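One chain is shown next in structure tokens, namely the form deposited without its partner chain.
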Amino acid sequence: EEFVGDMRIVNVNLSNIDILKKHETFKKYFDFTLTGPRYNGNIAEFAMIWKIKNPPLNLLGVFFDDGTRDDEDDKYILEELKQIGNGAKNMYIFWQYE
């Protein structure tokens, strides 16, 4: 259990990002045509478009389930994103397995 404010940090390990094409929650927000891990500024469909800075090799993306936040490429590293949930109840962090 890790919380930042009232936002739960939810580590999700995937064998492959293709698993999320079949996920009835996460298929709505992922854009599978984009290279490198992204985060969403809002919860519009296909919102995960914003480039996470200096990502660790196995990081696949970040989904904030609520709130709105700053939307810039290569501005925030993973650890800085954890303070801008801005009302998100959950910050989903998708990882490559092993």
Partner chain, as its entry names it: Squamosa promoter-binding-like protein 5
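Residue numbers count along the first chain shown, from 1.
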query	finding
Selected stretch [higher average CA B-factor]: 12 to 20 or 82 to 90	12 to 20
28 to 36 versus 64 to 72 - which carries the larger mean C-alpha B factor in the record	28 to 36
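There is another form of this protein, the form solved in complex with its partner chain, and it is not shown here; the text below is about that form.
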query	finding
Check all three, 53, 57 and 79, heavy atom within 4.5 Å of its partner chain in the deposited complex	no
Touches its partner chain in the deposited complex: residue 62 (any heavy atom, 4.5 Å)	no
